[PDB]
């Protein structure tokens, strides 16, 4: 809590307008799986492109000339 | 060589150039989003810094352990590295600098502990049998404060337990889309601090000594979060630059291939016409 | 009518290579990718079935004016097949005007006819 | 055409312009004539007398003490190869080069002559 | 004449190892020219590091070229060159710059050239 | 015996392409890579040294049955030479049976002989 | 001769769908081999589920091979094979084992083979 005669400012690490702690915990639990699956999707998206680049590069070495 | 071989080589390098261009575009878009993601953090930091500067720098306040430099017995290290490659010497510079500093100024395995972020750094430090105490991997492209909280508070508590007396941070600072620099920053015991131009006394409640115990760890965690965001931005920029360089190299090679293509094309005809004429002249 | 079809085809041919490697592109590319596929689908044809010039002009105009931006790609052929019958049933005055004058009909009237046909049509 | 043009500078004594629509057709027709006559071919199948045939035509366009003739010629550059013997032989007589740009034409600048590609001796 | 029963087991092994390293270095040119040295693993970096040193050490200075450069030249025995190549392959001289291996003759002169350069 | 050797060699040759650079592979593929490396190492031969078929079948069988997975790569040639020396004085009945019947003997004797030789052998 | 004016609309559509699904299946070879069957979407998994069935049903047993196996062989009409492929594409046999589609002939023999297998 930071209070000034001009303004009042509250520094918090998490906030919610629903006034309920339980719904905040439920929201955190819901967001956990969402961020986990987002990270997995990003990893697989990068890996597919890496495999495609490797396959493309192999053909130059195959073509010895 | 052979005309068909030259044609196949040209096709292959064209395919590689196209793939590299697509990767460059993707990296550019990701960096564009990451810039706004990093920018969205200013007000909280600019307020907490002012509050800490106003509170700590007044009527002494040196009784807190996190404000006095006790004698050094153990040292900590924090390293921030990416999880995926194709970024150049981004990880190599930081790893080399950290290794050189440790080897220069420690010369003993029991004088330090290492905390790392990223699979590349984790593997690099495990290959040398160096001691690692904490590590987290597989972070999202645009992480939030909800994933670094546990490791940040664990590090703060580890320092508060007296395991080590000081630690430093090593990461890349995003200067420009083409320039990135490695920086070393001292996190705690925060012996050096700057005061605000305007300061006002506060009515402590319930106690000035009790306020600092809750105030300080949030400041440290905010510093760590800002450093992580900067590192992510620098990584994206480096990846984009590397992809652009690869495209340029392939485009350079194509024409040098085409010249020999043309020479072989002329040679084939000049051989075949002479052969036909010589065969016809026999009768 | 045929002014912008060349540009749309060129843009789709240039941008079609990078579609499979990501979806984080800017919103401008999405419109190009959505329009190129529909143009390619419209450009197809069957065997031994010539199409009148007036009908070709009308369908290409409908493509170029963005009336097909909401129709799914899979139903373009059936949409065109039903639109030909609808034009035969009710677009006789527009077809006669096109045949006589070698020029486009009233834009408001043809837009109203297109809207009526779109209301009649059902997406599968 | 050249002998039509020469008369004005030889007698009247004035500067004359000469235009050749395409020069590659001349070389290809000479090659076809050589093949019909039945001489042995050359490096890339052309006629053995390509250089002298080109010279005997390019040497009559000169400036005298009482007149001059200058020519503007168009070249095809087949197969987009600049080391082809016919373009190589034609390029040995040129003194200037002008280029036209479709980008400038679209932008609306006329005569859309490229200011960077053009070179002159 | 390159046979184990004619030249010697050690010479044969050293020559085979040098040829193998040179071939393996040659096989990576396509990747190196485009993607650079960053994407290589730990073994490939060491392979390139030693291959460059071997390739530079293969050079020599002659007596005839003295009249154009002023360098007297050298004469190198078979045992000396075999020992030098074996020591290079063992990784003893990995800390010296690669420019010190050019036109040096015997292995011992590499160290003096490096210290004259300032390493 | 030759079929599984051919399959292993083909799989190793196909899978070796993706290990040039970039991210590392998994242990399931690393096991195949190790098996292929051992297969390639075994096939090497010296000059003017023919080998009898009754010993070739035995060594290839020992390769294909997985008995060589515990031995380092650098010791394969010495292991093969010592195995031939051991077979020269022990297990001659197996060689006689192979020569007479052109077929493999019972698998128990081969397994116990291989285990005894593995116990006798010393890893450098 | 693979044109709708000669073979028929149903035959043309069935052949086109089979070709499309086989071509789609072929593109996942490297991804499957490297990263395993996991990380795949719910659609590609069904595609590879049906592609194996189609590929195995494409086989047949011959009359001349009876002397080595004891299987008499069969002669399959175009209408029967088209109907069987249409049913497979529709998916009436998604629960049958994979091995039940090997060397059967008519579609109705797959059910008998599966019943003999104990399904």
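Letters are used for the chains, namely A, B, C, D, E, F and G, taken in the order the chains are written, and counting of residues starts over at 1 for each.
The criterion applied here is as follows: contacts are C-beta pairs under 8 Å (C-beta built on N, C-alpha and C of every residue); 3 or more make two chains touch, one makes a residue touch a chain.
The UniProt protein names, listed by chain, are B = ATP synthase gamma chain.
Counting hops only between chains that touch, subunit A reaches subunit F in a minimum of 1.
The chain with its CA mean position farthest from that of subunit D is F. Annotation: 66 Å between the Cα-based centres of subunit A and subunit D. Centre-to-centre spacing of subunit B and subunit G amounts to 51 Å, using the average Cα coordinate of each chain. Subunit C and subunit D have Cα centroids lying 49 Å from one another. The distance from the centre of subunit B to the centre of subunit E, each centre being the mean of the chain's C-alpha atoms, comes to 37 Å. Counting partner chains per residue, subunit G shows two or more touched chains at residues 34. Residue positions of subunit F touching 2 or more other chains, listed in rising order: 18, 20-23. Touching two or more other chains at once are residues 16, 19, 22-23, 26, 84-86 of subunit B. Interface residues of subunit E facing subunit A in the complex, by the touch rule stated above, are 27, 30-31, 34-35. Within the complex formed with subunit D, the residues of subunit B that make contact are 262-263, 265-266, 269-270, 273-274, 277. Put simply, subunit C touches subunit B in their complex at residues 17-18, 21-22, 24-26.
On the side of subunit B, the complex with subunit C involves touching residues 18-19, 21-23, 25-26, 29-30, 33. For subunit A in complex with subunit F, the touching residues are 47, 50-51, 53-55, 57-58, 61.
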